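Quick heads-up: it's one chain on its own, the form deposited in one PDB entry, in structure tokens.
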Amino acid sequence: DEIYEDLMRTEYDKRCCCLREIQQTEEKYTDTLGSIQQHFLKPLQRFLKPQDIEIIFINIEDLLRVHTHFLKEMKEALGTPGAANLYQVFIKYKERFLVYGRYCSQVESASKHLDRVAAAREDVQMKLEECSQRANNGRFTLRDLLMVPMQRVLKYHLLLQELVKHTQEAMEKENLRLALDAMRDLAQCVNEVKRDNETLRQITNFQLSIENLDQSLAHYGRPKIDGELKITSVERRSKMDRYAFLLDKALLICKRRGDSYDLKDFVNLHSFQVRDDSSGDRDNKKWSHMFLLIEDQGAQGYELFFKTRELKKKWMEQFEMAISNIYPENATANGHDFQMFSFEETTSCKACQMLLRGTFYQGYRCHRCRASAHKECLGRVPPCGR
């Protein structure tokens, strides 16, 4: 991005040059956090209402407080001849940079609110231009500066990557790779928050469209796939034209009515299994591509028909992915009973002790002992009722 680019401006040169670059951009970034606080946050408190400040700036002050201490510890480690303790700074501050979670989640809606407050008031609109002049001579608006903290967290792993490449001492190279991994994890934490928020928006849209559904879709996990299909059942053997929404825990069978969809059948995937039918084959005919969805006690069996082989293939992989998410490998290992969970507060995995990243269905919780864990960590968790 152009705004970040403009704001941030021998074999062992490269190694030493990278250290200067890291320290320079960190000072430049901490001053930018200071600029938002002094030139925008304190003067706008006299204009905007307290709730508007809370929404637009979020925890910006706490970010500045964390980076003030980070730049101080960075300077001491880089200062000492050798800079061998630099890796320890990045490892310690990865856990301190958790404060970014709240920021990353709320920043898009803070930008939207800032636009609304400025559009409604020429008074605020003129004060926003005034602040930009006193801080950066109008080169950067508050709108662009509030997006800078997010651009910055995604740069740390690109900075340490270059430093690792140009480090020749095998022990310092190995220690810096631990700091590089920890920074690569921080960049993944951002993606999980953006990705989960987009899922939460998609769910909201589906609630609007689906009629006669008297339940929140958030209870069924993540949307998998949605689309037209033909359906058959044991008691009604003729193909019914339908629209289906597949989420991790449920399949909704609806009837399309322009934009609106009327719920006809609710299928709870905890009790159902997928069975392939290769009979409709070699893409012979439209609507001949079928698989079965059978209830685990033989109570019901649905035949699902799709227009093409490509479509049927895609739906089958998504049903497999959904049932694997309800019932993952080692879900009942060591006395536990791990089930899909959406965590409100910041939580760590009982097995690897790492964060359950994101804002929606981040992992699993055993209902018995209440231990939290990642999908791939279930078998490693301590036995239920230690």
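We number the residues from 1 along the sequence you see.
Between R9 and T10 - deposited residues without coordinates, as a size class: Missing in between: 10 or more residues.
Is the mean CA B factor in the deposited entry higher across 35 to 43 or across 326 to 334? Result of the comparison: 35 to 43.
As stated in the PDB record, which stretch has the larger average Cα B-factor, 213 to 221 or 77 to 85? It is 77 to 85 that shows the higher mean C-alpha B-factor.
Compare the CA B factors listed in the entry for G298, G101, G227, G280 and report the winner. Across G298, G101, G227, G280, the entry lists the biggest C-alpha B-factor for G280.
Residue with highest C-alpha B-factor in the PDB entry, from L263, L128, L154, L200: Each of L263, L128, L154, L200 was compared by C-alpha B-factor; the highest is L128.
Chain-relative CA temperature factor third for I231: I231: CA B-factor falls in the lowest third of its chain.
Based on the entry's values, in what third of the chain does the Cα temperature factor of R242 lie: lowest, middle or highest? Ranked within chain, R242 CA B lands in the lowest tercile.
CA B-factor ranking of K49, expressed as a third of its chain: It falls in the middle third of the chain.
Just say lowest, middle or highest third for the CA B-factor of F97 relative to the other modelled residues in its chain. Within its chain, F97 is a middle-third residue by C-alpha B-factor, going by the deposited values.
Based on the deposited C-alpha B factors for this chain, I'd like to know if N59 is in the lowest, middle or highest third. Middle third - that is where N59 ends up once the chain's C-alpha B-factors are sorted.
Absent from the display: the form deposited in another entry. The rest refers to it.
Verify that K264 and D185 are, or are not, members of the same rigid part between this form and the one not shown. In the two-part motion between this form and the one not shown, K264 and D185 are assigned to different rigid parts.
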